[PDB]
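J.: First, the structure itself, so that you have it in front of you.
Reconstructed Cβ throughout: ideal geometry from the backbone, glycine too, with neighbour counts over all protein chains shown. Quick note: the coordinates plus some simple rules give every number you see, no bench work behind them.
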Amino acid sequence: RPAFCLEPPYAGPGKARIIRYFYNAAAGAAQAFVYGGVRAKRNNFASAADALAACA
């Protein structure tokens, strides 16, 4: 899988409260986190399905 799939989730400095998904390779699972709306990193998906498609 791509290296970015190993990133922990990055909320960023923003104050928005948007649910996004990251791939947790240790658990083999797409997991929800709260994203602040700015400065997204690569392991940041709109849905669990998208995270799994990219990283599973």
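J.: Name every residue in the range 1-21 that is closer than 9 Å to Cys55 by Cα and among the aromatic types (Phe, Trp, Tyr), in order of residue number.
T.: Scanning the range 1-21 gives a single hit, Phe4.
J.: List pairs: first residue in the range 41-53 and in contact (Cβ under 8 Å) with a residue 24 or more places away in the chain and loosely packed, with under 14 Cβ neighbours inside 10 Å, second residue small (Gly, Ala, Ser) and not in a helix (DSSP H, G or I) anywhere in the structure, Cβ distance under 6 angstrom, at least six positions apart or on different chains.
T.: none
J.: Please count how many residues of the range 14-31 are surrounded by 14 or more Cβ atoms within 10 Å (Cβ to Cβ) and either under 14 Å from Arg1 (Cβ atoms) or touching a helix residue (DSSP H, G or I) at 6+ places or on another chain (Cβ under 8 Å) (or both).
T.: 7
J.: Could you count how many residues in the range 43-56 are touching a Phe, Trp or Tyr at 6+ places or on another chain (Cβ under 6 Å) and either in a strand (DSSP E or B) or closer than 12 Å to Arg1 by Cβ (or both)?
T.: Counting residues in the range 43-56 that are touching a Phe, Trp or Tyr at 6+ places or on another chain (Cβ under 6 Å) and either in a strand (DSSP E or B) or closer than 12 Å to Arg1 by Cβ (or both) gives 4.
J.: Could you check the range 1-40 and list, in sequence order, the residues that are in contact with a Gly (Cβ under 8 Å, 6 or more places away or on another chain) and either hydrophobic (A, V, I, L, M, F, W, C) or free of Cβ contacts under 8 Å to residues at least 12 places away in the same chain (or both)?
T.: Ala11, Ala16, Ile18, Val38, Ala40
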